[PDB]
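Notes follow once the structure below has been shown.
None of the figures in this text is laboratory data; all of them are computed from the coordinates on show. When we count neighbours, we look across all protein chains shown, and the Cβ atoms used for this are built from the backbone with ideal geometry, even at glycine.
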Amino acid sequence: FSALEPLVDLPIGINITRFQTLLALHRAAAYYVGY
Amino acid sequence: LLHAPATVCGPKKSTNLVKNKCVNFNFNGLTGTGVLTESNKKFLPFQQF
């Protein structure tokens, strides 16, 4: 079972439409999305 | 003044400690009457109610 707590809230009041993540590169992982 | 939420505002004054007197109070918008007596049960590190 999970127990998630509130971290922080910033009121900026801007329209949000698209979402994406930011990764790193170098010169094997998994992640999900829930709606 | 815009539709955006307020980020800067005026100050607020603080009153001294008091207990054991049935007096009106105001904590973050919560106004009521009671006896502000001490407690023992512990809250979460982020709960204020």
(request) Could you list, in their original order, any pairs among B:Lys12/B:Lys42; B:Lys21/B:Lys42; B:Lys19/B:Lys41 whose Cα atoms are separated by more than 25 Å? (result) B:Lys12/B:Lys42
(request) Would you work out which of A:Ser2, A:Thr17, B:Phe46 lies farthest towards the positive end of the dipole of the protein assembly as shown? Charges go on Cβ: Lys and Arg +1, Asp and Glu -1. (result) B:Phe46
(message) Using Cα-Cα distances under 8 Å and only pairs 6 or more residues apart, what relative contact order does chain B have, in percent?
(response) 25 percent
(request) Take every Cα-Cα pair in chain B and report what % of them are more than 18 Å apart. (result) 55 percent
(request) Please find the FRET efficiency linking A:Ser2 to B:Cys22, where r is the Cβ-Cβ separation and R0 is fixed at 41 Å, and quote it to the nearest 0.05. (result) 0.45
(message) Placing +1 on the Cβ of each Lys and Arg and -1 on the Cβ of each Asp and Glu in the protein assembly as shown, which of B:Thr7, B:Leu36, B:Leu17 has its Cα farthest towards the positive end of the resulting dipole?
(response) B:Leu17
